[PDB]
Amino acid sequence: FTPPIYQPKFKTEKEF
Amino acid sequence: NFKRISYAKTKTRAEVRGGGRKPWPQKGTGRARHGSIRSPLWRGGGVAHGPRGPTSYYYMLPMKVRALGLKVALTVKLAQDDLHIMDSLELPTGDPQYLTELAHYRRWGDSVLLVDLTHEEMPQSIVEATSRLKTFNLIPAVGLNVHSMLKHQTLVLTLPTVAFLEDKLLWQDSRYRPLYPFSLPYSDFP
Amino acid sequence: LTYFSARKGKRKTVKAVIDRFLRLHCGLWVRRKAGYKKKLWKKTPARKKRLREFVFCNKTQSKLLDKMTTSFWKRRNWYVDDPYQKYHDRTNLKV
Amino acid sequence: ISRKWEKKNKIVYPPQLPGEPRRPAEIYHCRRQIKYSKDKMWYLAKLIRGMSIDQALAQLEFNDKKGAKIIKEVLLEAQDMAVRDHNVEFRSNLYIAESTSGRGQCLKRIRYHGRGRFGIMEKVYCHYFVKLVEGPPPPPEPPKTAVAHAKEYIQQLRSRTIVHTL
Amino acid sequence: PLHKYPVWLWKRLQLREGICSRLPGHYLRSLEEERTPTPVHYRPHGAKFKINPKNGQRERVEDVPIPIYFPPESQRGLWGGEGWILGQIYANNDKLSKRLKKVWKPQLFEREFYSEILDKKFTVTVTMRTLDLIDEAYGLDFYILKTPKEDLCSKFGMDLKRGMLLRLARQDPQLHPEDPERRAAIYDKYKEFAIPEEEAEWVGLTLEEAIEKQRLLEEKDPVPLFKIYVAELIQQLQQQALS
Amino acid sequence: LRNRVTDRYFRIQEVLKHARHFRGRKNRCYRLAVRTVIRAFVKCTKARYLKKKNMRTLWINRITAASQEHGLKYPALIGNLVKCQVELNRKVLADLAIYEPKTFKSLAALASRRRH
Amino acid sequence: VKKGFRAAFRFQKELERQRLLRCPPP
Amino acid sequence: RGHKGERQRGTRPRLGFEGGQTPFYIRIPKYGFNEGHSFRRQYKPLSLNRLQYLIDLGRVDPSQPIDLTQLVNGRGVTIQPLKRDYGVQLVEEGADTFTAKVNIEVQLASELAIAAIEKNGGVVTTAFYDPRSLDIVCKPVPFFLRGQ
Amino acid sequence: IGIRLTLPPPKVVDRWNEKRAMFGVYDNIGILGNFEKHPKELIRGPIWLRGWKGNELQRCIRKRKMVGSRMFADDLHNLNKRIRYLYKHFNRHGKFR
RNA sequence: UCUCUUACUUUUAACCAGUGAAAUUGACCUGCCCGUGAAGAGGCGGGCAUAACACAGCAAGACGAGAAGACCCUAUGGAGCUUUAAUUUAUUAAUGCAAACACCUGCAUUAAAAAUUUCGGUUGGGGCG
RNA sequence: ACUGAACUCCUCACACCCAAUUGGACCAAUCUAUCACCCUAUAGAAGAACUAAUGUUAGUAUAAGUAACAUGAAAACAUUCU
RNA sequence: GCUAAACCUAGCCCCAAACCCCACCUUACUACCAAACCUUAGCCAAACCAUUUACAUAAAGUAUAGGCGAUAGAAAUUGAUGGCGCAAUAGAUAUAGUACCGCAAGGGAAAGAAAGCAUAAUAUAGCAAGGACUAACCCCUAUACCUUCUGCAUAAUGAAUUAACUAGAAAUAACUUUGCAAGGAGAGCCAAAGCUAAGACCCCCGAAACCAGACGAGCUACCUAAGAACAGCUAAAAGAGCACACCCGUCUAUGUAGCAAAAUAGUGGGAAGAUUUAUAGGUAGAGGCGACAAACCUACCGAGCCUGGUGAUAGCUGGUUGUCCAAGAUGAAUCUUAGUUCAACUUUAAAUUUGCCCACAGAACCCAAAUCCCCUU
Ligand SMILES: [Mg+2]
Ligand SMILES: [Mg+2]
Ligand SMILES: [Mg+2]
Ligand SMILES: [Mg+2]
Ligand SMILES: [Mg+2]
Ligand SMILES: [Mg+2]
Ligand SMILES: [Mg+2]
Ligand SMILES: [Mg+2]
Ligand SMILES: [Mg+2]
Ligand SMILES: [Mg+2]
Ligand SMILES: [Mg+2]
Ligand SMILES: [Mg+2]
Ligand SMILES: [Mg+2]
Ligand SMILES: [Mg+2]
Ligand SMILES: [Mg+2]
Ligand SMILES: [Mg+2]
Ligand SMILES: [Mg+2]
Ligand SMILES: [Mg+2]
Ligand SMILES: [Mg+2]
Ligand SMILES: [Mg+2]
Ligand SMILES: [Mg+2]
Ligand SMILES: [Mg+2]
Ligand SMILES: [Mg+2]
Ligand SMILES: [Mg+2]
Ligand SMILES: [Mg+2]
Ligand SMILES: [Mg+2]
Ligand SMILES: [Mg+2]
Ligand SMILES: [Mg+2]
Ligand SMILES: [Mg+2]
Ligand SMILES: [Mg+2]
Ligand SMILES: [Mg+2]
Ligand SMILES: [Mg+2]
Ligand SMILES: [Mg+2]
Ligand SMILES: [Mg+2]
Ligand SMILES: [Mg+2]
Ligand SMILES: [Mg+2]
């Protein structure tokens with residue numbers, strides 16, 4: 001088993 | 001180049017901040033293998049072969065070769081009619097405009113390298129005239145060099161400077177092997 | 001060998017070479033034959049004579065030794081009564 | 001970003017000579033950053049291309065897609081500004097010369113998947129552009145008849161040369 | 001960047017600043033000066049040169065001291081410069097064998113010593129080397145007063161040294177009271193080691209102890225400015241009255 | 001970034017201009033365009049042999065048609081013209097077949113006569 | 001920004017050529 | 001760099017390694033060719049040819065005693081005390097054409113060189129110098145600047 | 001798109017400022033001044049490479065030797081690591097032996 | 001469960017409206033048969049077929065997609081385990097000898113516990129080399 | 001018989017079809033010296049060139065407008081009902 | 001015409017110089033009750049590994065040391081403010097040690113001023129082009145690229161695509177060009193034409209690991225302290241029966257980027273005990289804990305995690321970026337056959353003089369094809 005890797009939250013929380 | 005010391009330096013992957021841990025395991029992730037986030041392949045990683053530290057470019061041509069270069073420069077100026085011998089650098093006035101107009105009238109180049117024997121004995125008038133000029137540069141005899149001789153279109157020498165240069169440059173011919181640095185005492189060397 | 005020492009940054013000499021080979025200044029390397037002191041009782045006189053001889057090295061062997069030693073070992077040495085003084089130079093060598 | 005569509009309304013042509021056909025009026029309008037996929041908007045834009053303003057409004061009023069209401073608002077605004085500012089005499093004398101959808105500036109959001117894995121959602125935005133040209137809608141291109149189509153064939157036959165020779 | 005000074009000179013620079021600067025000169029010199037301790041755990045070379053048998057040439061020889069570890073218990077005792085040897089050995093004393101960590105420890109004894117200058121008996125953990133050194137010095141007091149700080153290598157030893165030196169400097173009558181003849185005899189016997197009391201006060205003090213001593217010496221509750229201004233006003237009024 | 005390439009735009013354009021008439025992403029994406037442009041240039045080079053090969057085949061076909069119009073076969077025509085020392089080549093013979101039918105008729109008659 | 005002037009000037013020349021082709025002067 | 005293997009990887013073995021076979025420079029027995037080399041005394045040769053040449057060109061004055069200092073000052077010989085040079089050895093080469101009357105001090109002298117020197121009416125003496133004295137003699141001015 | 005769309009601001013170089021005008025003066029201080037001063041003494045730069053040149057490994061060894069005691073802690077650690085790495089590279093890697 | 005499956009309901013489904021991913025992806029203008037070929041062809045040879053496009057199904061092929069799969073072999077690559085593999089006893093436990101007059105230091109010997117390190121090559125499928 | 005190559009001939013021109021490796025002639029862009037002062041020249045330098053590392057970062061595609069997700073009903077929007 | 005493209009200073013790099021109110025150790029930021037010091041190891045090199053290696057100049061890589069081997073290596077003595085830097089994927093990680101991730105140690109950002117589509121879907125046939133053509137297609141020719149291989153369209157590897165970034169660092173000895181020349185060199189060094197100076201030449205990413213020092217027992221294993229829960233029926237003081245809560249996880253189906261990095265539905269085992277469970281505390285990495293399953297110790301435990309040594313090492317895989325021309329192809333040893341060294345071959349430059357082909361003559365007794373050798377040519 002290989003653990004999942006989470007991408008940094010800032011990338012997907014951006015707003016205009 | 002011999003005076004050159006380039007201060008360009010980059011960080012190798014060792015010196016870039018962080019990058020200790022393996023970003024993700026070898027296997028199973030489906031991603032490329034990596035060992036640190038600061039390897040050259042990564043954005044923000046180290047530079048694989050960059051400029052490394054302050055680097056000197058120092059090297060010495062044989063002093064005979066350098067003296068020969070001075071001689072060749074002098075011969076070239078004389079042969080190309082860019083060399084002018086003055087009895088002295090004394091000027092009627094310390095006004096730079098007088099010096100520029102004199103050069104223009106005598107059809108000297110846009111740039112003139114005036115040479116006088118020693119720093120202390122240089123006439124005050126010429127010192128004042130050349131202190132305010134950019135293309136008329138006044139140097140002592142000990143400062144003469146190929147680079148400035150070439151940079152300046154015309155070379156102005158005084159008679160004492162000519163004698164001094166002849167002596168110093170001809171001495172390189174007809175000298176022994178150095179037994180020790182010429183700064184040390186010799187039987188006949190000032 | 002060490003191309004750049006950690007203390008001086010210089011090239012080092014492989015002292016195993018110095019303990020085994022003589023360099024003649026011209027560029028030749030002299031050596032003893034291997035086994036010249038081993039089990040002589042079972043070697044024929046001709047073989048012993050061949051083994052007791054000082055022998056030159058190949059061009060490639062000489063090049064290897066030159067690489068493995070530094071320029072100090074490749075200088076002119078004016079020793080008092082060097083047995084190899086005459087051999088230090090070549091004579092009548094065409095190419 | 002680009003905002004050339006807005007500028008297209010500000011170009012002033014030289015006054016026309018009396019012995020010159022009356023230049024039809026042209027009104028460019030746009031709505032930017034619509035919360036709608038440009039791919040879905042494209043169908044509405046294509047639907048109303050080349051139709052009269054009234055016909056386009058009628059078609060959009062009875063369309064179930066969300067983009068239809070937005071396009072209708074844009075068309076009504078375009079009609080209003082055509083009358084007020086572009087010297088269009090009749091409101092209805094306008095046809096959709098150009099209507100297209102463009103990509104907008106989108107936002108990235110995370111979609112959580114089932115095993116600690118995820119996807120990147122795109123909060124998609126679209127632009128919508130219209131050009132309204134004054135005059136009746138140009139007639140639809142007539143289907144080519146057998147006569148014309150055989151005429152084309154015979155022209156191709158006559159065009160034949162003796163290739164690779166003197 | 002680069003530091004203006006080498007990092008190894010930072011302690012000396014600090015000594016030249018602050019209270020450490022106000023410390024007395026003789027104590028600062030005692031700290032600064034460093035002398036190699038007497039060889040204890042190694043046999044020193046006889047001479048500075050030696051004919052090495054391999055090539056028969058005269059080669060310089062140096063005495064490189066063995067690092068000695070002194071556990072804090074030694075500071076409470078008198079080990080005659082002896083300590084722990086924390087080193088390594090080759091199993092069976094052949095370099096081609098395994099290399100093993102080895103600690104050599106001194107044999108420590110508990111002994112009672114009488115100090116003439118202090119007129120006190122001390123029970124001190126000691127080594128046979130220390131006993132031999134005491135014998136060579138002809139007594140504990142002589143050993144303490146002769147052996148320098150480096151050779152003594154004991155905070156207790158240096159405290160004994162300071163006590164004895166202070167006793168000698170003050171000629172303290174507390175040494176055998178009501179026996180002035182005996183006290184004079186002792187002081188005469190140990191006369192050669194006497195030093196000024198101002199110096200005997202700072203013998204064997206660590207840097208922190210010296211700093212605390214200096215701070216205590218130079219701590220003064222600030223004088224109220226009332227007193228200073230009254231003195232100034234009286235002085236000025238005296239000058240005005242005179243003029 | 002002491003030295004950075006500043007011409008990459010023009011280096012890319014040099015290749016892309018040759019791919020602008022391709023299909024799909026081969027005319028836009030340099031990675032794909034460059035491979036196809038190299039293939040296009042290699043084909044262009046190798047096609048100079050096939051052009052000459054096909055022209056002669058075309059000439060032979062046309063000469064065969066023209067000679068069959070007169071009862072000759074191409075081998076007979078060519079061989080008999082050679083034997084009569086007429087050194088007209090196949091390009092010229094095809095041109096004559098197309099544009100000078102009476103001259104080609106004369107040559108075919110000459111070839112048949114020589115044959116007989 | 002990349003230091004240099006020649007690439008920028010080349011691009012300006014290409015832009016000028018394209019402009020002349022698209023809107024050739026009368 | 002080639003294709004794969006240690007040579008493309010940049011990790012080929014050290015110089016003199018022969019792939020595991022006992023290397024040539026190790027399979028040859030040790031012999032005392034250079035034993036004590038750094039303690040052997042070395043004497044720079046001074047042929048009578050060279051001496052006559054120097055005298056003829058006036059770089060060595062025969063009217064005064066000729067010692068190692070005069071030879072070095074005339075640049076007739078280069079002494080390297082640091083390289084275990086113990087001085088100058090006279091060499092018979094050029095004896096048959098030596099015609100100079102000279103008082104020369106050297107460290108070694110061949111019998112024939114002595115014969116030539118003496119036949120021309122001169123005197124030759126072999127004088128020893130320890131490394132320190134030799135350094136001072138060869139380069140006196142630096143020594144005088146040492147202030148000792 | 002890796003091309004700037006505007007010409008960069010003009011770069012004006014004064015070929016006759018004092019530095020350029022007097023460049024090279026006293027490069028012959030020795031041969032024209034009785035060798036009192038060597039030209040390398042005219043070199044202004046790091047103390048450990050004034051009048052000296054070497055590859056990176058030699059430069060790092062010299063830097064550590066001459067100013068190593070004055071270096072900051074992490075700079076000195078980086079220098080020691082660099083010397084170790086360069087030793088390994090120059091003495092164990094390479095096409096030639 | 002099956003012979004032997006059927007009917008209905010819900011979910012799913014499909015259409016409409018809203019919102020909107022993931023693996024994947026050299027480019028693809030992406031047919032069938034036989035033959036060939038790095039030995040299994042959409043792409044090569046010979047034949048056959050062949051306007052262009054959605055939508056829904058299927059899972060025969062794309063040696064289909066997922067983890068530099070599973071299994072096997074190699075590396076003077078690791079690591080674990082066991083020992084009558086090799087090397088040690090630093091450390092403890094015993095003793096002995098000195099050393100201090102129970103405790104402790106040094107030196108030996110024997111153990112316990114461990115520690116470090118290695119696993120030559122060529123051949124051999126039903127062996128015992 | 002003819003057809004049939006990059007063989008050969010013909011008109012013109014020629015350094016212009018191997019892996020690893022090796023020799024050589026040029027050279028983009030950048031900086032420096034000195035020029036030019038227009039967008040270059042002669043030189044000195046160097047983080048000096050990317051169709052390829054399950055390369056790094058960013059953008060945008062494909063799969064795909066697909067998989068998937070969501071609001072019990074009416075109403076006076078008070079409320080009632082299931 | 002959309003998305004976008006671009007920009008220049010925010011700062012940074014390398015040198016030089018200079019030596020730089022109140023609250024808070026209790027659960028930190030809470031007004032106020034009776035004790036420090038102690039060899040680094042190991043990776044790595046030795047092609048394993050075990051001793052060993054691996055934490056001014058000149059003398060000199062010399063003396064010395066060394067499984068005398070890899071390699072290590074003196075001293076006597078000598079005396080010594082600037083930028084051919086970066087310019088927002090660069091330069092500091094830095095707008096910030098912030099956001100965010102982690103229990104913790106710890107890790108640690110981003111950013112400011114073309115591609116993809118649409119205008120305009122599509123036409124028989126096919127690496128998508130080329131030769132062409134009046135003409136887009138129709139005709140004819142044409143088995144993507146890279147890498148790895150004896151040999152790849154290969155149904156072997158890699159690649160969706162664009163932009164940016166991303167990989168040859170140096171000595172010994174040569175050769176070339178200068179200088180001077182039996183001397184050269186700005187002490188030391190070399191010298192039987194040498195010496196001095198310059199020019200040219202030695203990559204990137206990737207393990208599993210090992211060791212040092214921290215951090216972890218809010219999960220889980222076990223334990224300590226003091227708590228709590230266990231309906232109903234049957235039975236009577238039960239490691240009792242049935243069976244709720246509760247705990248578990250037998251079997252089946254579903255799910256398999258899922259509701260879920262182990263779930264759902266049903267079914268099932270225990271359910272007053274060796275039970276379950278809240279709270280706080282303890283045991284720590286060659287260690288703990290273990291009703292031994294190599295189980296568990298913060299989702300990936302045959303030995304945790306983080307930082308450092310560390311740019312570990314990799315004879316192994318992958319990658320290695322302008323143009324053009326030229327020469328260029330199949331034995332020995334080796335813990336060695338996935339490698340290397342020598343040879344052979346190969347390339348360059350140089351010297352001078354024979355080289356290949358080659359008939360006649362010639363080359364063995366024992367018991368065929370050919371080959372070797374060389375006058376001529
Ligand atoms: Mg690091
Ligand atoms: Mg950085
Ligand atoms: Mg989750
Ligand atoms: Mg490769
Ligand atoms: Mg190989
Ligand atoms: Mg829908
Ligand atoms: Mg088939
Ligand atoms: Mg296929
Ligand atoms: Mg379908
Ligand atoms: Mg595999
Ligand atoms: Mg032909
Ligand atoms: Mg040909
Ligand atoms: Mg680069
Ligand atoms: Mg690119
Ligand atoms: Mg890539
Ligand atoms: Mg879509
Ligand atoms: Mg689908
Ligand atoms: Mg659905
Ligand atoms: Mg090893
Ligand atoms: Mg010294
Ligand atoms: Mg940054
Ligand atoms: Mg575009
Ligand atoms: Mg493939
Ligand atoms: Mg493979
Ligand atoms: Mg792929
Ligand atoms: Mg707990
Ligand atoms: Mg109950
Ligand atoms: Mg029960
Ligand atoms: Mg249990
Ligand atoms: Mg078991
Ligand atoms: Mg098991
Ligand atoms: Mg874990
Ligand atoms: Mg590596
Ligand atoms: Mg060729
Ligand atoms: Mg072996
Ligand atoms: Mg191998």
Side-chain angles (χ1 to χ4, degrees), chain A residues 1-4 8-10, chain B residues 7-10 13-14 17-18 20 26-28 32-33 35 39-43 47-51 54 61-65 177-178 180-181, chain C residues 3 5 8 10-13 67 70 89 95, chain D residues 2 4-5 37 39 64 100 102-103 111 113-117 119 121 127 159 161 163, chain E residues 4-5 60 69 72 86 91 95-96 98 100-102 105 107 109, chain F residues 1-3 5-7 23 29 31-32 34-35 39-40 43-44 47 49-51 54 75 79, chain G residues 1 3-4 9, chain H residues 2-3 5-6 13 18-21 38 82, chain I residues 1-2 4-5 38 46 55 85 90 94-96:
Chain A
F1 180 74
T2 188
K9 291 173 70 175
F10 78 89
Chain B
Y7 297 97
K9 180 176 192 178
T10 48
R13 50 178 308 181
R17 180 91 151 186
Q26 272 292 107
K27 320 189 68 54
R33 306 174 302 176
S39 66
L41 309 186
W42 285 67
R43 163 192 184 277
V47 180
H49 304 297
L61 291 178
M63 78 161 70
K64 286 175 187 176
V65 174
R177 297 167 54 245
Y180 41 78
Chain C
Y3 302 90
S5 55
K8 301 292 291 177
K10 293 177 169 172
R11 185 192 195 95
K12 288 206 183 182
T13 293
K67 288 177 188 175
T70 56
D89 278 326
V95 180
Chain D
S2 292
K4 295 173 72 175
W5 203 253
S37 181
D39 307 287
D64 284 326
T100 64
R103 198 185 177 267
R111 193 193 182 275
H113 281 244
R115 295 223 212 201
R117 286 173 280 202
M121 292 169 72
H127 302 329
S159 289
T161 64
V163 308
Chain E
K4 167 71 176 141
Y5 291 90
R60 211 166 74 94
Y69 165 63
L86 268 49
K95 76 174 293 288
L96 268 71
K98 199 167 294 293
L100 306 159
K101 278 194 303 179
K102 181 54 175 294
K105 295 177 183 179
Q107 197 174 24
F109 320 118
Chain F
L1 305 165
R2 170 80 178 78
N3 280 346
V5 166
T6 58
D7 290 339
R23 271 210 50 170
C29 301
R31 180 182 296 272
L32 317 171
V34 66
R35 299 191 198 118
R39 287 191 60 89
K43 286 170 191 294
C44 176
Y49 302 98
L50 293 168
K51 187 184 180 183
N54 297 330
Chain G
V1 68
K3 36 185 190 287
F9 185 77
Chain H
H3 172 66
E6 290 185 350
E18 297 190 353
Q21 163 178 286
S38 56
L82 296 174
Chain I
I1 54 172
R4 64 178 296 156
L5 312 178
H38 197 287
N55 60 50
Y85 171 77
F90 284 120
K95 192 180 179 180
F96 311 132

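The figures that follow rest on heavy atoms only: side chains count, while hydrogens, waters and symmetry mates do not. Proteins come first, then strands; the chains are lettered A, B, ... in the order of their sequence lines, and each starts at number 1.
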- [ ] Describe the nucleic acid contact of D:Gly114 in one word from base, sugar-phosphate, nothing, applying a heavy-atom distance below 4.0 Å.
- [x] base
Task: L:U279 vs L:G308: Watson-Crick/wobble pairing, cut-off under 3.5 Å - done: no
Open item on the list: Between L:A185 and L:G184, is the stacking condition met, i.e. ring centres under 5.5 Å and planes under 30 degrees?
Closed with: yes
Open item on the list: Would the base of K:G47 count as contacting B:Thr10 through its side chain, where contact means a donor and an acceptor less than 3.5 Å apart?
Closed with: no
- [ ] Between L:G213 and L:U40, how far apart are the P atoms? Round to whole Å, please.
- [x] 13 Å
Task: Base of J:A99 paired with side chain of E:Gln107 (donor-acceptor, under 3.5 Å) - done: yes
TODO: Have a look at B:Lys9 and say if it touches a base, only the backbone sugar-phosphate, or nothing, with a 4.0 Å heavy-atom cut-off.
DONE: sugar-phosphate
Open item on the list: Assuming nearest nucleotide by heavy-atom distance, tell me which of F:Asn54 and F:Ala40 is located more 5' along RNA chain L.
Closed with: F:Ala40
Open item on the list: Given Watson-Crick or G-U wobble geometry and both distances below 3.5 Å as the test, should L:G130 and L:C140 count as paired?
Closed with: yes
Open item on the list: Give me the distance, rounded to whole Å, that separates L:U337 from J:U74 when you measure between the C1' atoms they each carry.
Closed with: 12 Å
Open item on the list: Pairing status of L:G309 with L:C210 is requested, where a pair means Watson-Crick or G-U wobble geometry with both distances under 3.5 Å.
Closed with: yes
TODO: Go through the N and O atoms of the side chain of D:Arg111 and the base of J:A21, and report whether any donor-acceptor pair is under 3.5 Å.
DONE: no
Open item on the list: According to a cutoff of under 5.5 Å between the ring centres and under 30° between the ring planes, does F:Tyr49 stack with the base of K:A6?
Closed with: yes
TODO: Evaluate L:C300 against J:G121 for Watson-Crick or G-U wobble pairing; both distances have to be shorter than 3.5 Å.
DONE: no
TODO: Indicate, yes or no, whether a donor-acceptor pair under 3.5 Å links the base of L:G61 to the side chain of C:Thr13.
DONE: no
- [ ] With heavy atoms under 4.0 Å as the rule, sort B:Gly50 into base, sugar-phosphate or nothing.
- [x] sugar-phosphate
- [ ] Could you tell me whether E:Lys101 contacts a base, only the sugar-phosphate backbone, or nothing, with contacts defined as non-hydrogen atoms closer than 4.0 Å?
- [x] base
Task: Wobble or Watson-Crick pair present, K:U42 with K:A33, both under 3.5 Å - done: yes
Open item on the list: Any N or O donor-acceptor pair under 3.5 Å from the base of K:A46 to the side chain of F:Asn3?
Closed with: yes
Open item on the list: Ignoring hydrogens and geometry beyond distance, is the side chain of F:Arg35 in donor-acceptor contact with the base of K:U51 at under 3.5 Å?
Closed with: yes
Task: Of D:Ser2 and B:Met63, the one whose closest RNA chain L nucleotide lies more 5' - done: D:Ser2
Task: Taking every non-hydrogen atom, the tightest pair across F:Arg2 and G:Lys3 - done: O-NZ, 2.7 Å
TODO: Tell me whether I:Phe90 is stacked on the nucleobase of L:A171, counting only the six-membered base ring and applying the 5.5 Å and 30° thresholds.
DONE: no
Open item on the list: Once you apply a heavy-atom cut-off of 4.0 Å, does C:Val95 come out as touching a base, just sugar-phosphate, or nothing?
Closed with: sugar-phosphate
Open item on the list: When the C1' atoms of J:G57 and L:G126 are compared, how many Å lie between them, rounded to an integer?
Closed with: 28 Å
- [ ] Quick one: label A:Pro8 by what it contacts on the DNA or RNA (base, sugar-phosphate, nothing), any heavy atom closer than 4.0 Å.
- [x] nothing
TODO: Identify the two heavy atoms, one from B:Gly50 and one from B:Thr10, that lie closest to each other, and give their separation to 0.1 Å.
DONE: CA-OG1, 3.4 Å
Open item on the list: For the nucleotides L:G194 and L:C180, report whether a Watson-Crick or G-U wobble pair is present, with both relevant distances below 3.5 Å.
Closed with: yes
Task: Chi class for L:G82: syn within 90° of 0, otherwise anti - done: anti
Open item on the list: Does L:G239 count as syn, meaning its glycosidic angle lies within 90° of 0, or as anti?
Closed with: syn
TODO: Could you tell me whether the side chain of E:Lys95 has a donor or acceptor atom within less than 3.5 Å of a complementary atom in the base of L:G67?
DONE: no
Open item on the list: Under 3.5 Å for both contacts, Watson-Crick or G-U wobble geometry: does that describe L:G285 with L:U307?
Closed with: no
Task: Rounded distance in Å between the P positions of L:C133 and L:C117 - done: 35 Å
- [ ] Please indicate whether L:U147 is base-paired to L:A156 in either the Watson-Crick or the G-U wobble sense, using a 3.5 Å limit on both distances.
- [x] yes
Open item on the list: Taking only the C1' atom of each, what is the distance from L:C300 to L:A261 in whole angstrom?
Closed with: 10 Å
Open item on the list: Taking NZ in E:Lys101 as the centre, count heavy atoms belonging to other residues, nucleotides or ligands within less than 6.0 Å. Is the count above 12?
Closed with: no
Open item on the list: From CZ of I:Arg4 over to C1' of L:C8, roughly how many Å is that when rounded to an integer?
Closed with: 9 Å
TODO: Using a heavy-atom cut-off of under 4.0 Å over every strand shown, decide if H:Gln21 touches base, sugar-phosphate, or nothing.
DONE: sugar-phosphate
Open item on the list: So, with the rule that both contacts fall under 3.5 Å, do L:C358 and L:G61 count as a Watson-Crick or wobble pair?
Closed with: no
Open item on the list: Let's test your reading of the model: under 3.5 Å, does the base of L:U310 pair with the side chain of B:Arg13 as donor and acceptor?
Closed with: no
- [ ] Tell me what C:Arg11 touches on the nucleic acid: a base, only sugar-phosphate, or nothing, going by heavy atoms under 4.0 Å.
- [x] base
- [ ] Inspect the six-membered rings of L:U93 and L:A94 and say whether their centres lie under 5.5 Å apart and their planes under 30° apart.
- [x] yes
Task: Nearest-Å distance once atom P is located in both L:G309 and J:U84 - done: 42 Å
TODO: Measure distances between side-chain N and O atoms of I:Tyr85 and base N and O atoms of L:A169, and say whether any donor-acceptor pair falls under 3.5 Å.
DONE: yes
Open item on the list: Just to be sure I understand the rule, does D:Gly119 reach a base, reach only the sugar-phosphate, or reach nothing, if contact means heavy atoms closer than 4.0 Å?
Closed with: sugar-phosphate
Open item on the list: Students often get this wrong, so: under 4.0 angstrom with heavy atoms, is D:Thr161 touching a base, only sugar-phosphate, or nothing?
Closed with: base
Open item on the list: Please determine whether L:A286 and L:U148 constitute a Watson-Crick or G-U wobble pair, defined by two donor-acceptor distances each under 3.5 Å.
Closed with: no
Task: Distance, P atom - from L:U26 to L:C32, rounded to whole angstrom - done: 12 Å
Task: Polar contact flag, side-chain donor to acceptor under 3.5 angstrom, D:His113-D:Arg111 - done: yes
Open item on the list: Categorize B:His49 for me: base, sugar-phosphate, or nothing, with a 4.0 angstrom heavy-atom threshold over every strand shown.
Closed with: base
Open item on the list: For the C1' atoms, the ones on L:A170 and on L:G102, what distance do you get once it is rounded to whole angstrom?
Closed with: 45 Å
